[PDB]
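Structure record follows, encoded as structure tokens.
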Amino acid sequence: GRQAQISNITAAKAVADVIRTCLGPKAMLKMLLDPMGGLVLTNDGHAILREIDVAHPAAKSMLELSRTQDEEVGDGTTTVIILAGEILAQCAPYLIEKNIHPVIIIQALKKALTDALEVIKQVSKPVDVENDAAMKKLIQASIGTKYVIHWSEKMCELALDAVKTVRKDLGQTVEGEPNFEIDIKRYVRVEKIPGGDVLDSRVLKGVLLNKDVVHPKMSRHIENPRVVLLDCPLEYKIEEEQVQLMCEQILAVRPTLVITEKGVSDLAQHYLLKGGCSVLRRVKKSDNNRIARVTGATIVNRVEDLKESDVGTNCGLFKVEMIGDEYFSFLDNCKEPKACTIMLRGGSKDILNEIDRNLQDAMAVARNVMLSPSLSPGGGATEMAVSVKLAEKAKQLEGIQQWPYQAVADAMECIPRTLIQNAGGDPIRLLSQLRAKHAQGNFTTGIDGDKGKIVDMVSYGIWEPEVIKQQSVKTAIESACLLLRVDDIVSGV
Amino acid sequence: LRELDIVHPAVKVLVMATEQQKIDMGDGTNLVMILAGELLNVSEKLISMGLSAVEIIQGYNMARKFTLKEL
Amino acid sequence: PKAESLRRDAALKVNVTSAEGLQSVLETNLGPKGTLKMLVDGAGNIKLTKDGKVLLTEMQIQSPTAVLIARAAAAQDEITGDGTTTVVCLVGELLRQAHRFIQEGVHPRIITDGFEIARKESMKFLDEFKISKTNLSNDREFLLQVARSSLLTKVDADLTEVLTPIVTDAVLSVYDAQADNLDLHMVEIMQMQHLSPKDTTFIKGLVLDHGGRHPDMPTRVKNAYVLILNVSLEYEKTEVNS
Amino acid sequence: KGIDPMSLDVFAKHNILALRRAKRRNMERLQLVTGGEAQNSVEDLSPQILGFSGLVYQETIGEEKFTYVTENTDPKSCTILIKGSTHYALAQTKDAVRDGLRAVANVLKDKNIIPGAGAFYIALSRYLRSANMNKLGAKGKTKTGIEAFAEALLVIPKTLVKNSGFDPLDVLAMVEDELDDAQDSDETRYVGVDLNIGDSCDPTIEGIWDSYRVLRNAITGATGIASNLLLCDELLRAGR
Amino acid sequence: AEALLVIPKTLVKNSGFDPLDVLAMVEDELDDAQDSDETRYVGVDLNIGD
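The listed protein sequences derive, respectively, from chains C, P, V, F and Y. Residue numbers 810 to 1302, in the working numbering, belong to the letters of the first sequence in order. Residue numbers 831 to 901, in the working numbering, belong to the letters of the second sequence in order. Residue numbers 108 to 349, in the working numbering, belong to the letters of the third sequence in order. Residue numbers 516 to 755, in the working numbering, belong to the letters of the fourth sequence in order. Residue numbers 186 to 235, in the working numbering, belong to the letters of the fifth sequence in order.
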């Protein structure tokens, strides 16, 4: 009956009850009491939600939707739940007392979501994606209040070089146009390298391997080594000739470098020693796909089927010089092989482990500006500016959907009210004056976190990309409507 | 005291002080336990009177040095 | 229905009271004139100490409030190595004055922001108030008064006069005066329950547990040569009993 | 290693002190104190291997016996012998010695020293109160919470006199009266609480001093701990 | 002295305005009036809040 619809709103309010004060850079710290006697003092919103034990089944749905948004973007996780949670609060008397059909409310949120995205596109401002100084104040949102605040000047050069290298316009109307066509997963994958310095860290383009030379006496300088990839290693599949026969098939082109995926026996090391080629074993399978793209040697299973089309061109240096008490290998060159490898150097492993997660979240926000070449005002300015446009479009609808459409404007003002509750001022006094400043102020009036007095954002210059604001309101409607789709809950296998 | 099971640890302090008399000098164990028990009775009136136990402990250190010099 | 956004500042009011309960435990335990409390949990071993870190590790506290205070004593001991009780007294008392401002409407973030402003301003007065001490070796007379500060706290002040020359001469003897560094692990600690604590003395060398027992050994040997001998001077037998 | 009964009569005629059952960790430090290198074979023994030591005498106790390597020219080592009658006397003394070594350790590392007995807390609480009132450069609402921080620093001098039964308000007014005369003159005079007499005292003459590194991290450390306690609005019970 | 400041805080509390902001504006205004060498009386306005 109607009891299950009430429990859906109550479960959504209980999940958002914890993150009420967790929204914004001023979010405070929470204490989670574990049954084993442990506590978690971290203020991270999405990190606490995974340890929260919930009863009502709709609470688990909010955890799965927050996990998906956490992987795509680093921030805005608690923004979606609070925005979607306040919609059910304003629509609670409309669904019960007013006896409004739930699909009408769901259909009204679908039409309001389309009008909300149009307002976001109007309030957006153009931004230069090629400006290196403009990206400093943007990515800084994921930089400041962290250990990387001192090296932030050097961290900006590491993120911009990785995104601009793997992006391809390829604009046309034939097959469809990806904007900059960025791939974070395969190309931007970062491998931590111990030792070195953070200031001298540079962006390498190629494949890097930490394995050393497997032979005691070998030339440490090779002019142009040619990468040769193979699947089956060198070993017994006569036993001495079988290993030599597999080597003669590779030596047909007389390569100066040999790279083996698996280990290499000592019998094959003596045959390849006279050929003037280095032997490299212990190569992972996942990295074999990236080596073929930075080299061009065709991956072949059987050695006898190895093609002669392989080339060792675009190889920067063979230098094996020891760095950090470990022999490295640098394949980086002066050209872009449709990929890059970010080498993070530092003074310890604990520093590199913190820069790892921080750099991945910094580049995720960096792509957010690259995908959508527009910025939206932060600090509750975007959430309040949309609510102003909702009151004007509500008068021209002239239908039954007008009542649930006006309830959206009340939920849009909860995000800027959240920052005021953490500011310490009067929420009613500030929201009344802030709403009137957007009409004649061209939505340039935001909220200052440090001070707490309402001021314009033209001075401080606080801006956030549009794709975060678009995915925040798009997921919130999908999360709020999904909770209204289930009107009954049953138990049992 | 070795055959008796002491529960409250406050009594164990007097039992451990009694064993010190038996190990070294071997005599006077009755003088140590009885005298230490009376010092708490005369100090009960000082605590109830409002005198802090800090000056009570400091007073015994001054009275102990005056007694050892007269022996 | 019933859109509320209810009135908070429940909870912590009890945690502030829970902080006052833990504060009173370490309140009388601070200072040389304080009281010495006995804490024995399950080990049947009587132990009396005023150290704030030791008191918290010997008790199992289910209240989550004292858990963070317990972690503060571990950070000060591994770095500063002192002031374990003083920090606890400052955290509990600060919550008392900050709790009265809760009913007034003072926001807790500004309370935290007001502490960072006072902390930065305290560093300016801290640089002028501090006094630099010279590295000269004539400060041994001045080190006697400094060493008594930590000693008078944990004892009845009668033992401090005995341990005053021991603690002072312990650091200067092992460590010659240079840049170098200091290591407290090189100083051995021997525990003996026989003699009284008033008769203790300082040991410049090293002491061992099991010594040789022979009736004709001399009592005192002056200017003796020490020679390490690794060979067995006792008869040996086959691995199998024979 | 052990000693056979045959060598007992041999070492007695030459008055050679013999030892057995030596700790392995203790013998590693004997090379630094004595100077002699460990000799694995007597056939390779050299006359320069013999070290130098002072008077060596063994205490006579039925249960155990001790050996004193003490009185050396350059021992470069020390040993703190803890004695006590009871079990709790050994734990209390061990805690007082380890607390004293770490307090003196900060004197050689850090050349800065601060006087104790509440001299720093009273002077800091009075300075921070009159500093913001003259400048007025922070905020009107922020200075409300700053007053709570200044009043929280005066609990230490009030706690020292509370255990002894002294009036914390009486000793507080006596210190403030002496600080008013020091602000008029251009000289520098430190005031502190004397627990024995009950009046004020000069911490330089009395000799009460506290480490700089300990007190520097005490204010900053207690700031973050006391702040995080007020940042949690709701106790979160989950996981089961 | 602190017991006499509850009356201006009680009047503003019923109006809804923050009693902490009105307390700071009055104390800051009285300090500037002494240095200006004049006599200006200050009071709590419940409607506006200043």
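Just so you know, even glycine gets a beta-carbon here, dropped at the ideal spot from N, CA and C.
Residue i vs residue j beta-carbon contact at 8 Å
| i | j | result |
| --- | --- | --- |
| residue 1231 of chain C | residue 953 of chain C | no |
| residue 313 of chain V | residue 644 of chain F | no |
| residue 110 of chain V | residue 740 of chain F | no |
| residue 271 of chain V | residue 597 of chain F | no |
| residue 176 of chain V | residue 195 of chain V | yes |
| residue 1148 of chain C | residue 1036 of chain C | no |
| residue 1195 of chain C | residue 928 of chain C | yes |
| residue 837 of chain C | residue 1171 of chain C | no |
| residue 1088 of chain C | residue 1023 of chain C | yes |
| residue 686 of chain F | residue 708 of chain F | yes |
| residue 848 of chain P | residue 870 of chain P | no |
| residue 585 of chain F | residue 329 of chain V | no |
| residue 629 of chain F | residue 237 of chain V | yes |
Residue i, buried or exposed, once every other Cβ within 10 Å from all chains shown has been counted against 16
| i | result |
| --- | --- |
| residue 748 of chain F | buried |
| residue 266 of chain V | buried |
| residue 563 of chain F | exposed |
| residue 158 of chain V | buried |
| residue 221 of chain Y | exposed |
| residue 705 of chain F | buried |
| residue 347 of chain V | exposed |
| residue 1243 of chain C | buried |
| residue 183 of chain V | buried |
| residue 342 of chain V | exposed |
| residue 647 of chain F | buried |
| residue 186 of chain V | exposed |
| residue 1152 of chain C | buried |
| residue 1019 of chain C | exposed |
Between the CA atoms of residue j and residue i - distance to the nearest angstrom
| i | j | result |
| --- | --- | --- |
| residue 923 of chain C | residue 934 of chain C | 19 Å |
| residue 315 of chain V | residue 582 of chain F | 6 Å |
| residue 836 of chain P | residue 842 of chain P | 7 Å |
| residue 148 of chain V | residue 577 of chain F | 34 Å |
| residue 631 of chain F | residue 618 of chain F | 13 Å |
| residue 844 of chain P | residue 866 of chain P | 8 Å |
| residue 1303 of chain C | residue 824 of chain C | Only positions 810 to 1302 of chain C appear in this structure, which leaves residue 1303 of chain C out of reach. |
| residue 1161 of chain C | residue 957 of chain C | 11 Å |
| residue 1246 of chain C | residue 1254 of chain C | 6 Å |
| residue 875 of chain P | residue 127 of chain V | 29 Å |
| residue 831 of chain C | residue 663 of chain F | 26 Å |
| residue 1068 of chain C | residue 993 of chain C | 27 Å |
| residue 835 of chain F | residue 899 of chain P | It is not possible to answer for residue 835 of chain F, since the shown part of chain F is limited to 516 through 755. |
| residue 1155 of chain C | residue 1198 of chain C | 50 Å |
| residue 731 of chain F | residue 609 of chain F | 26 Å |
| residue 743 of chain F | residue 854 of chain P | 55 Å |
| residue 211 of chain V | residue 244 of chain V | 56 Å |
| residue 1224 of chain C | residue 951 of chain C | 20 Å |
What are the complete alpha helix (DSSP H) segments, minimum 4 residues, inside the stretch 873-940 of chain C? 886-899, 901-904 and 911-932
If you measure beta-carbon to beta-carbon, which residues of the stretch 1235-1246 of chain C are closer than 9 Å to chain Y? 1235, 1237 and 1238
Could you pull out every unbroken beta strand (DSSP E) segment of at least 3 residues lying fully inside the stretch 691-742 of chain F, listed in chain order? 724-726
Whole alpha helix (DSSP H) elements within the stretch 255-327 of chain V, 4-residue minimum: 267-281
Beta strand (DSSP E) segments (min. 3 residues) lying fully within the stretch 620-655 of chain F: 627-630
3-residue-minimum beta strand (DSSP E) runs that sit fully inside the stretch 1054-1098 of chain C, ordered along the chain: 1066-1068 and 1087-1089
Contacting positions in the stretch 732-743 of chain F - beta carbon closer than 7 Å to chain P: none
Taking a Cβ distance cut-off of 7 Å, strictly less, list which residues of the stretch 667-686 of chain F are near chain V, in chain order. 667, 670, 671, 674, 675, 678 and 679
With 7 Å as the limit, tell me which residues of the stretch 836-869 of chain C have their beta carbon closer than that to any beta carbon of chain F; keep them in chain order. 837, 838, 839, 840, 841, 842, 843, 844, 850, 860, 861 and 862
Which of the residues in the stretch 1130-1155 of chain C, read from start to end, lie with their CB under 8 Å from any CB of chain F? none
Selection of the stretch 176-191 of chain V by Cβ proximity to chain C, strictly under 8 Å: none
At a CB distance below 8 Å, what residues from the stretch 204-229 of chain V approach chain Y? Give them in sequence order. 211, 212 and 213
Give me the subset of the stretch 584-616 of chain F whose CB atoms are less than 9 Å from a CB atom of chain P, sorted by chain position. 600, 601, 602 and 603
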